[PDB]
Structure formats: structure tokens, C-alpha cells
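Asks: here is my input, please return the structure:
(chains A, B, C, D and E, ligands or ions: 1)
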Amino acid sequence: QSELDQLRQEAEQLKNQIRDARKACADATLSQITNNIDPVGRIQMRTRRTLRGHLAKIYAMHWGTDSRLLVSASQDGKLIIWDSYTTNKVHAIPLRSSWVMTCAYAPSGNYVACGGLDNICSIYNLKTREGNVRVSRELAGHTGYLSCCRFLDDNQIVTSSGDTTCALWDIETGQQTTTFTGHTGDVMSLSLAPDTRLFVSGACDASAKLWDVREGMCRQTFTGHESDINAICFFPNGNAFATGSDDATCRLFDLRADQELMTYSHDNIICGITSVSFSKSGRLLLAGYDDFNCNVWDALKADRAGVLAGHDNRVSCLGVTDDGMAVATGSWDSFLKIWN
Amino acid sequence: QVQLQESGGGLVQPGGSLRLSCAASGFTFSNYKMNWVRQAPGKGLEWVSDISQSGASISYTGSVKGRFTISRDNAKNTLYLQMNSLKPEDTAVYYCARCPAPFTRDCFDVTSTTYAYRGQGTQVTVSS
Amino acid sequence: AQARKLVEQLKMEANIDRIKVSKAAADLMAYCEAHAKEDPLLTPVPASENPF
Amino acid sequence: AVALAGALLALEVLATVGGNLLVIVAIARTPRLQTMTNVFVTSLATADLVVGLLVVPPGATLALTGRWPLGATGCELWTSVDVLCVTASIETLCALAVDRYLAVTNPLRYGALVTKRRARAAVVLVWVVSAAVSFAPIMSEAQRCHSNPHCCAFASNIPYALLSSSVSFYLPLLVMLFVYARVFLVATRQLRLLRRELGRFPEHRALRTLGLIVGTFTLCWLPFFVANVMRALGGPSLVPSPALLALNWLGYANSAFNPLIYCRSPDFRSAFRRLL
Amino acid sequence: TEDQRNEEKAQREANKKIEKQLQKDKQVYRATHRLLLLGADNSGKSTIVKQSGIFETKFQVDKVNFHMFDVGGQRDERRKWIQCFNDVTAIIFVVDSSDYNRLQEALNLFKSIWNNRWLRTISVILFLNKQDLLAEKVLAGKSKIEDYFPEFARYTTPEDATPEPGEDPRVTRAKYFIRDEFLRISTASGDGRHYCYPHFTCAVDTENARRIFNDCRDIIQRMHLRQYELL
Ligand SMILES: Nc1nc(CC(=O)Nc2ccc(CCNC[C@H](O)c3ccccc3)cc2)cs1
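Replies: Numbers count the residues shown, from 1 in each chain, chains lettered A, B, ... in the order given. Coordinates below:
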């Protein structure tokens, strides 16, 4: 009754203190520091490969760490592993549930995880002693669809869900070591820091949170957007990240100063971002949109410079290689281009 | 941060009038189709009346038709609901929802139990 | 214990140290400038080393 | 006035070959356009390209200058190739008709009935029967131009004339007409249902499309083939050869138009603007 | 370089064997129709599954494989996981026409499914599911549809209506008022690319999977007619 309103008044005053601590450390905006640097140019990438074997819309892809093999998931229940140099498909893994909303590729290359509307995160063993691709585990503790999954070892995948819960698992025994709570709505994508000591998570409540992986506790919360956050990615030096929401705007948050630095919005783009990823230098910010075409944002001036094209439907997945060579973008027309 | 704080009224007699105001802030008001949902004591969430981006395509729930008048003021980032001829069936808390995405005609999952873009609510108790 | 949980979280987040946005901006700019030399997409590479 | 027949040739050969090459290309280098009905459209564009490349010019000259410019063996080559490609184009028109018949009157069991392999097999059978019809006269004004006066004589053997005009135009006409009759019935039924079930709370398009199709087919190829049947039955007195020449030129005009009738979808139009 | 040529050879030999099986899967996957079946808690979709986070129910009528799947595992918000279903033939939307208190909730859910960027090409098969409970409730008389829908006092049974022989002129007016509510939400925005096919169903209807066959066949035939510039 009265204690709830009292604690809510204290929480409001404390949020005002947080806001005043964030507006005091606002010396000058990133656009003012970057007014003296040269523009990026006009990045004109061309489709160096078109990978076509999927029956239905491609919902997620992930690059191997060798920057050559990639895995892609489509809603026909197929998880195909391509050789992006020769455009041969190494494996074609027939899933159990068609509705696969994500996939990952073990940072060593041994295992592959997927998992969608069946609330579990299946994990597949690629290099088996018999040569067959079988299911290694099925992590089945989530209550709601599974909207991302990022390997952290050969044993320690972390997983986002459609029940506001990220859950760090333990693939050996098969049960979640930690559970990260604090989001209000569906949590849509996560992105491990390059050292994997912490990660960020974007949710359908217009907010992102920074999770310590060891302590299992929300470190910081970033809320500057206006609608669902569909895509998130870390800056290559792990000290910043970019959210892409459905209010048709990408933003660059920084974990240190704890604010928003850039806003990647224009007055003609009224379609929402479905994917983001940086370039190996952290200057180009790829961003897949609903108007069926990616962009390439100069991520220090906010000026567009470059536009990708050539997809029939919305661009769902988008990921730069680990060495910075290519940029593979899948889309709901079941074709996976590769740019350069 | 997207916030929508309502400021309505308290106790009215059956047949009374009351005007709920919902100062929306933290987001561009003009791009979203606002709403009004209510939760009657001992019941679930139900939708009362919406309004499009401009104030052109109004809609109502049957029980609220003829009595309530939903009107937005895009200049001051606020949403109104005028209530006339209040009946005891209208006792509830009135949340001022808005819609997930902008520039859309579908307002999806707006009366969900835990929904993100929605006010704390104001209690409109009609009795004697 | 619910608003207690929310407010203890909001307090814990109100303790970390913040730097100025000018310093973080300068750090991001400096990383981009220092790694600009090994970005095959920013600076397009010749067809010899490009494997695609 | 043969001087303007030069402009006729220029606007006809160029339109035919350019349009049919553009169709073949946009089907070849677009992954969206490679459906199970566009293999028939590719067969059509191939037949029409061969016609507009090496049938229209020689028959055009022979019409304008009443003397065969090529040799005797050239006459034989031109005769065989035109009888082949005209029949192939008409038969693939009939096959496109039966294709969208199965697609409209059996919509659920279609994507499992007309796949890519059966489509390619049907196209191959079309061209095989066309080539069989074309190579019939090689085996075995009576024998007048076959005295090599430097003219080209169409195969006027009456049995071959009746069999070529039957297998080439009159049977595809039958099939294509009753197929499109049924498709028109169902299209108009669905239109009237939809238009009653849309105007409960406060146009002819199947006619236009099916008429364009069957009309650009029959206006161009029915004159010549009734003329040919007459020339066979009656003789050179009933039909003189310049009439047959102008009427064949009508059919080659049809092959000029075909890239516009079966390639009007927004998928083709987008894949064309992507090419230009 | 013999080892490298053997690498490329045994890689092509595997891509070929994979694309063979994948063409087989393409053949199977296209002769099968997917049908997102969604309703409400009390609607009665559980009883139209007449066979985890999804209840797939395969059935086959007239040698065509249908593949229907309720989605129960997820929570109440459905704005993100529903985009997964933009490639289904139909969307079977089942509603109980008896509980008037929760009929505007179904109207709003239908209006949000209809006007959605990704479901804007999907046609809905509308099942009004508890016709016998509706007959009972409206013949009793204690529950008035004009308390929840004030424009039911100015409604007149459609002329094209087909009142089943043996029923009241009150049950028919009640049925068709709700059917017309959904149909007017349908026609107010649906521009020929998707349709709504309303039905009246009980809980004992044994001919309820033929009505999905006849409506999917019509959905797809209109799709073909419409892509041939022929409608
Ligand atoms: N015996 C005789 N010859 C001549 C001299 C002469 O000009 N002959 C000639 C006439 C017309 C043509 C064009 C051939 N059009 C054939 C058409 O495409 C077709 C026919 C059958 C099936 C399918 C298609 C060629 C030569 C005087 S008397």
C-alpha cells in the first residue's frame, strides 16, 4: 500500500540521480570530436557469392572463426554449412523442429547449435568418429522461444529466450549454470564481448543490459531507444555496442561513459533494423533493414556511406567475417549473399 | 526512456464525468497509435478505445461507445479520454498503452499481462 | 521485496564510475584510426589477396 | 513499296531477337524467374529467337526479291529450320496453356505434378516432335523449283501439308482453346464471387488477358494455316505462293510479339529493369 | 598438388550427394501445406486438433498433406514469434462465438493479424466454434448481445444468409452479426491479396478438415489466378 509507493518514490529519485550523473559527464558529443576526421568514402560492395540451397526464409547465420565456413538456418528445418570460398555445402543438418530462429558455430568449429520455437537449444556434433552429424545435447530449460545462442567454449553456450531470460548453460551435463533475469519483454539478441567475460542483451522493452557472465548479475542497463530491439553487436574493442530497434534507428552505446553516443537515423528510413554488425576496424556499421536492403553506416559520423541491395525480401541475418574479408547477409527469400 | 504517466480522477457517482490525461514522453508521440486499456477489479485486461497517429480513425469497445471520447493532442504529447455517464461497470484502473512499432496499423499484444509501453495506471472508482 | 529488488538493482547501477563522453569518443575514434589499416571492407583490397 | 519493307525487316528482326534474348537472359540470371512454367517460356523464347534470327531474313528477301538468294542446300536448310521452329513455338504455346490449366484447375496438387524434371521432359518432347515433323520431307508446279531455277519450293506434297498443318497448328489450337475456355470460366466465377463478397459494406481482367493470348496467337497463325490447307487441297490456283509468303510473315510477326504476352509479370519486369 | 586436388574432389563429391537429398526434401516440402492454428484460451483450437512449444498435427485429405501446428509454449506477447509464420497457406483463426465478454478481444486480435506487414498476404480461415453454446445462450435470453455491441439493435439478417432449416430467427441474426463483424474488419482493408473464409462449427463437426481443404484449394487457386494477371 504505502510502502510500495514509498519505494517507488525512492526509485524515481534514484533514477533521477542516475540521469543527473549521466548528464553531468556529457562533455561533448561524438559528432563534435569526429568533425575533424576525413569521411569514409562511398563503400560499394558487390555480391561475390550467392549461396542458394535453402527452401524457405533464412532466419540466422553465423561465421566460423576461420572466416571460410558459415552455417545458416532456414524455416524449412535445415541447418546448412557452406564453404564460402567454393560455395559447396559441407553438411546439411535436418532439424527436428522447422521453426529455427537462431544458430551458432562453435568458436573452435567442432559443434553447431540451433534452436527456435521449441524452446530448446539443440547442439550438433560435426566431427564425429563415424563421419555423421548427430545431436550432442538438447538444452531444454527455457519457457518460450529461443531467440539467440552464442557458443563461449565447446562446453559453455549462452542462450537468449522469449521469456525475458538469458541462461548460461553447461553443454557437458546439460543444465543451466546461471540465469540472467531483469528484462521486461522478449529478449531478442545477445553478443559476447571479445573476451567473453561479459555480454549485452537486447530485449523487446526498448532497453539493453550488460551481463557479467561470472557473477550472473546485470551490470548496467542502457535505454535510449523507442521500441523493440531486434539486433545488437559489440564494437571490436569490447567497450561499446550498437543496438538496432524497430523505431528505425541504430544507436551506439558505450559501457564506460554509460550513455548513447551516435544515432544512426535518417528521415526517409521508416523501416526497422533487423540485424547489425561492425567491421573489423569498427568504422563501418552494417545494418540490415526491412526495406529489403542493408546499409553501411560510417559509425563515427552517422552519415550513410554505402548501401547493399539485391535481396527480394527483408534482410534477416548479417555477419562480418572474423578477419574482415566478407559480409554475408541472409534474407527471407532463402538466398545468402556474400559481399566484399 | 519511454514513459507514459496517467493522471485521471478518483471517486465519482454513477452518471458522473471524468477526464483522464496521459502525458506521453520519451518518444515521438505522432508516430504511434495510442490506446486505453483497463483492468476491472477481479478481472483481466481489456481494451477500451484507440486512436490513430493523427486523430482520424477512432475506435471504441462496445460498452464504452457513446459515453467515452478518446482524443489526442500531438502538440503537447498527451492523450485524453473524456468519460461521460459513468456506470458501476466502469470501475477499473486505466492504463494508457501505446503501440509497439511506429507507422503501423496493427497494434499487437497491447493488453498483455506484462507489456512494456504502458502506464502504471489510475484508479477510477465510481460509487456512492 | 519486489520494489526492494528493483531499487537495489537501480542502486547498484548508480555506483559505477563514468568517464566523459569526450574521452570515450576519443577512445573509439583512436581505435578506428589505429586499426584502419587492416579492414578489407573499408579499404578495398586487390583481387590477388581477395579470396572471393 | 518494298523500300519500307526494309524498315519492316529492321524493326521486326531486331525486336524478335532482342526481346527473346532478353527473356532467355533474365530467366537465366535471376533465381526468382526460374519457376516451373518459365522453362516453357524459355523454350518459347528459344524458338522465337531462332526464327527471328535465321527464318525472318531469308523469307523476307524471298518475299521482296522473288528469287531465293541462298543455294539449293541453303533452301533445304531454311525450309527444315522454319518448319522446325514454327512448330516448336506453337507446341510450347500449347504446353504453356496446359501448364496454367493445371496450375489453375488443380491448385493444390500442382507443385507436386509439374515439377522441373517433368517440365524439362515436356519441353524436350515438344522440340523432338517438332524436329520429327521438320525432317519428314528430307526422306523421299510439280517438281518445278526442284529443277534448281534458283528458287525455294515449300514441301507441297499434299499429305505432308495436311499432316504439318494438323500437328503444327490445328491440334494446338484445339487444346489451347478448350484449356483457356475452362480457365476463363473459373477465373470469371472467382471474380464474381470475390466482387459480391467485397462490396457488402459501405472488372474483366481474365477476358483481357485470355483474349490477348488467344488473339495474338490466332490473328497471326490462323490466316497462314487455312491458306496452307487450301493451297494443299485446291492448289496454286486457289492459293498463289506470294499469299503464302505474306501469311508466313504474319506468323513470324507473331514470334516477334510473343516476348510481350508471356513476360508481363512484375517479376519479369523487375528482372528486365535490373538488366537495363 | 595432388592432395589439394583430392581435397576439392572429395568436397564436390559431398556437395553433390547433399544437393541430391536436398532436392528430394524440396520435392516433399512443397507438396505439404502449413497452417498456423491460433485462437484464444477458451476458443477450442485444442479440439480442432483431431489427430513442447508447438503441437504439430499432420493430416491428409484427398491425398494432399496438410501440416497444422498450434503454438502453446510461448507467453502471451505474440508480436515477434508470429512473423515466423508469413509463409503458411492459411491462418486458422478459431474463436468461440458464445462468450461475448471476450469477443472484442478476438476482434482486435483479428484486426492486428489482418493489418500486419508480414501477415498482410496470409488469408485467414475463420472458425466460429461454439455454435451450440451460442444457440443455447441466445435462446435463454439472460445475455443480450446489445450490451456488448450497441449496434446489434440496428442489424438485419443478411438476405444471402442460409439459416439451417430448423432454427430460430434470433439464433441466425446472432450468428451472422458476429460473422459480419469479423467480415467487415476483413473487407475494410484486405485488398484482394488475402481473404477471410468464415465458418460455423460445433465441437462435434466431423467434416471440419474437408472445410480446410476446400478453403486452401480456393486460397491457392486465387493466388495462381492473381499471379497470371487473370483475376
Ligand atoms: N511448291 C512451290 N514452291 C514455290 C515457291 C515458294 O516461294 N515456296 C515457299 C512458300 C512459302 C514458304 C514459307 C514456309 N512456311 C512454312 C510454315 O512455317 C510452316 C509450314 C508447315 C508447318 C509449320 C510451319 C517457303 C517456300 C512455288 S510452288
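
Asks: all helices of the chain, in order?
Replies: Picked chain A for this. A:2-24, A:30-33 (DSSP state H).

Asks: not what I meant, chain E
Replies: Here chain E has its helices, by DSSP H, at E:2-30, E:104-114, E:131-140, E:145-148, E:169-187, E:210-227.

Asks: need those in TSV (columns: mean neighbour count and distance to the ligand).
Replies: Just so you know, the C-beta spots here come from the backbone N, C-alpha and C atoms, and that holds for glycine as well. Shown next, in TSV, are the helices of chain E (neighbours: other C-beta atoms under 10 Å in any protein chain shown; distance: least, C-beta to the nearest ligand atom, whole Å):
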stretch	mean neighbour count	distance to the ligand
helix E:2-30	13	37
helix E:104-114	21	53
helix E:131-140	17	63
helix E:145-148	16	70
helix E:169-187	19	51
helix E:210-227	19	32
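
Asks: which one of the ones you listed lies nearest to chain C?
Replies: Chain C sits nearest to helix E:2-30 of all the helices of chain E, at 14.4 Å, using C-beta to the nearest C-beta.

Asks: do the closest one and chain A come into contact?
Replies: Yes. Helix E:2-30 is in contact with chain A by C-beta under 8 Å from any C-beta of the partner chain, via E:8, E:11-12, E:14-15, E:18-19, E:21-22, E:25-26, E:29-30.

Asks: can that helix be found next to chain C?
Replies: No. Applying C-beta under 8 Å from any C-beta, one finds helix E:2-30 separated from chain C by no less than 14.4 Å.

Asks: and that helix, what does it pack onto?
Replies: strand A:78-83, strand A:88-94 (3 or more C-beta pairs under 8 Å, 6 or more residues apart in numbering or on different chains; DSSP states H and E).

Asks: again, only this time at 10 Å
Replies: strand A:78-83, strand A:88-94, helix D:116-134 (3 or more C-beta pairs under 10 Å, 6 or more residues apart in numbering or on different chains; DSSP states H and E).

Asks: wait, residue E:46 touches residue E:40, no?
Replies: No. Between residue E:46 and residue E:40 no contact is recorded; they are 11.0 Å apart, counting by C-beta atoms under 10 Å.

Asks: mind listing the shared neighbours of these two?
Replies: Residues touching both residue E:46 and residue E:40 by C-beta atoms under 10 Å, 6 or more residues apart in numbering or on different chains: residue E:94.

Asks: of those two, which one has the most company?
Replies: residue E:40 (18 against 13; other C-beta atoms under 10 Å in any protein chain shown).

Asks: buried residues in whichever helix in chain D runs longest?
Replies: Using DSSP H to define each element, chain D has its longest helix at helix D:72-105. By neighbour count with 16 or more other C-beta atoms under 10 Å in any protein chain shown, helix D:72-105 contains the buried residues D:75, D:78-104.

Asks: repeat that for stretch E:61-69.
Replies: E:64, E:66-69.

Asks: the residues you listed into TSV, with extra columns for distance to residue A:168?
Replies: Formatted as TSV, those follow (distance: C-beta to C-beta, whole Å):
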residue	distance to residue A:168
E:64	45
E:66	40
E:67	35
E:68	36
E:69	30
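
Asks: from the residues you listed, which is closest to chain D?
Replies: Of the buried residues of stretch E:61-69, the one sitting nearest to chain D (C-beta to the nearest C-beta) turns out to be residue E:64, at 5.0 Å.

Asks: isn't that closest one up against residue E:217?
Replies: Yes. Using C-beta under 10 Å, residue E:64 is in contact with residue E:217, at 8.3 Å.

Asks: common neighbours of these two, please.
Replies: Common neighbours of residue E:64 and residue E:217 (C-beta under 10 Å, 6+ apart) are D:108-109, E:33.

Asks: where does chain C get nearest to the ligand, which residue?
Replies: residue C:52 (49.5 Å; C-beta to the nearest ligand atom).

Asks: that residue: how many residues sit nearby?
Replies: 17.

Asks: so for it, what's the nearest residue that isn't a sequence neighbour?
Replies: residue A:48 (3.7 Å; C-beta to C-beta, 6 or more residues apart in numbering or on different chains).

Asks: my guess is the one you found meets residue A:321, correct?
Replies: No. Contact between residue A:48 and residue A:321 fails when scored by C-beta under 10 Å: they sit 11.7 Å apart.

Asks: the two: which has the busier surroundings?
Replies: For residue A:48 versus residue A:321, the count of surrounding residues by other C-beta under 10 Å is larger for residue A:321: 24 against 18.

Asks: ok, of the buried residues of stretch E:61-69, which one's closest to chain B?
Replies: Nearest member of the buried residues of stretch E:61-69 to chain B, counting by C-beta to the nearest C-beta, is residue E:69, at 19.9 Å.

Asks: tell me the contacts of the closest one?
Replies: Listed by C-beta under 10 Å, 6+ apart, the contact set of residue E:69 reads A:97-99, A:117, E:34-38, E:49, E:54-58, E:85, E:88.

Asks: buried only: go through those for me.
Replies: For the contacts of residue E:69, a burial check counting by 16+ other C-beta under 10 Å picks out A:97-99, A:117, E:34-38, E:54-55, E:57, E:85, E:88.

Asks: show me how far the longest helix along chain C is from its chain's centre.
Replies: Looking across chain C with DSSP H, the single longest helix is helix C:21-35. Chain-centre distance of helix C:21-35: 9 Å, with C-alpha atoms, centre = their mean, to the nearest Å.

Asks: show me what that helix is packed against.
Replies: helix A:30-33, strand A:250-254, strand A:259-264.

Asks: to residue A:17, which of these lies closest?
Replies: strand A:259-264 (15.2 Å; C-beta to C-beta).

Asks: is any residue of the closest one near chain B?
Replies: No. Judged by C-beta under 10 Å from any C-beta of the partner chain, strand A:259-264 and chain B are separated, with a smallest distance of 11.4 Å.

Asks: list the buried residues of that strand.
Replies: So for strand A:259-264, counting by 16+ other C-beta under 10 Å, buried means A:259-262, A:264.

Asks: just the helices in the stretch 101-250 of chain D please.
Replies: D:116-134, D:158-165, D:171-196, D:206-233, D:241-261 (DSSP state H, counting those that start in this stretch).

Asks: show me what the longest one is packed against.
Replies: Packed against helix D:206-233, as judged by 3+ C-beta pairs under 10 Å, 6+ apart, are the following elements: helix D:72-105, helix D:158-165, helix D:171-196, helix D:241-261.

Asks: residue E:180 and residue D:197 touch, don't they?
Replies: No. With contact defined as C-beta under 10 Å, residue E:180 does not reach residue D:197; the gap is 11.7 Å.

Asks: residue 121: neighbour count?
Replies: I went with chain A, as the question did not name one. 28.

Asks: could you do chain B instead?
Replies: So residue B:121, with other C-beta under 10 Å, has 17 neighbours.
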